[PDB]
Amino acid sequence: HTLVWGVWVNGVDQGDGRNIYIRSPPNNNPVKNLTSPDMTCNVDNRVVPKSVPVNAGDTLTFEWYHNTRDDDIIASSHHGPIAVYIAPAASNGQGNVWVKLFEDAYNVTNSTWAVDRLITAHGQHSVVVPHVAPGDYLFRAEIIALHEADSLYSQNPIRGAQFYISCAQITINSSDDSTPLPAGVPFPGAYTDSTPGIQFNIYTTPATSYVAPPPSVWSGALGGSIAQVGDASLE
């Protein structure tokens, strides 16, 4: 159970975004139903009053929390991958609109899941704003927690993969549009029971064999990381 507090831009906190620039749900409960419209932007998908201004090449950082800011972030049991998608705001996340800008599952070297390191980074992970057409966008951050993913929610509704999904309203102002945004996948839609990554046993199978759900990351992506870029105690 985890939620988004806000975002930083080039290492500068934009302040609390909850129900302001984030289309926040009422609580930190996971989405589990792969055919639910909750898969798009979670349970309360509506326009919020603000959109964060960025320019192509900026670092956009998501800051997650559990109950209060800079807490335990998310339970350690929730080992799993982390991804970020983008889509034009006008779609409302409907249709084949979601392009992937980031994927992190398991780092072989450190023997750490993305989630594990998100805790160490005080809830912070980032992406670099790609050179797309100026305008309004939704950035969809998605954490998959695999601790009950040896079962499927369709077969057993009290188990299965857990999605923590947060959509942020972002206005790209300055971009040459040299990497115009391609076609994407649908949410709900891109993940099914058969999709690699959805069903997995993290207690028996080695993490080095885990394959995260497609699609793959777009060439137009300029990269990102899981790592603290800002100190919230300084505020």
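Numbering starts at 1 and runs along the sequence shown.
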query: Between the two ranges 108-116 and 134-142, the one averaging a larger CA B factor in the entry; finding: 108-116
query: Which of 202-210 and 184-192 has higher mean CA B factor, as the PDB entry lists it; finding: 202-210
query: Top residue by Cα temperature factor, when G11, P25, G220, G17 are compared in the entry; finding: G220
query: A89, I82, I86, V128, ranked by C-alpha B-factor: the highest one; finding: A89
query: CA B-factor ranking of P37, expressed as a third of its chain; finding: highest
query: Among modelled residues of the same chain, the CA temperature factor third for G95; finding: highest
query: Third of the chain, ranked by Cα B-factor, where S77 sits; finding: highest
query: CA B-factor ranking of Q124, expressed as a third of its chain; finding: lowest
query: Ranked against its chain, the third holding the CA B-factor of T179; finding: highest
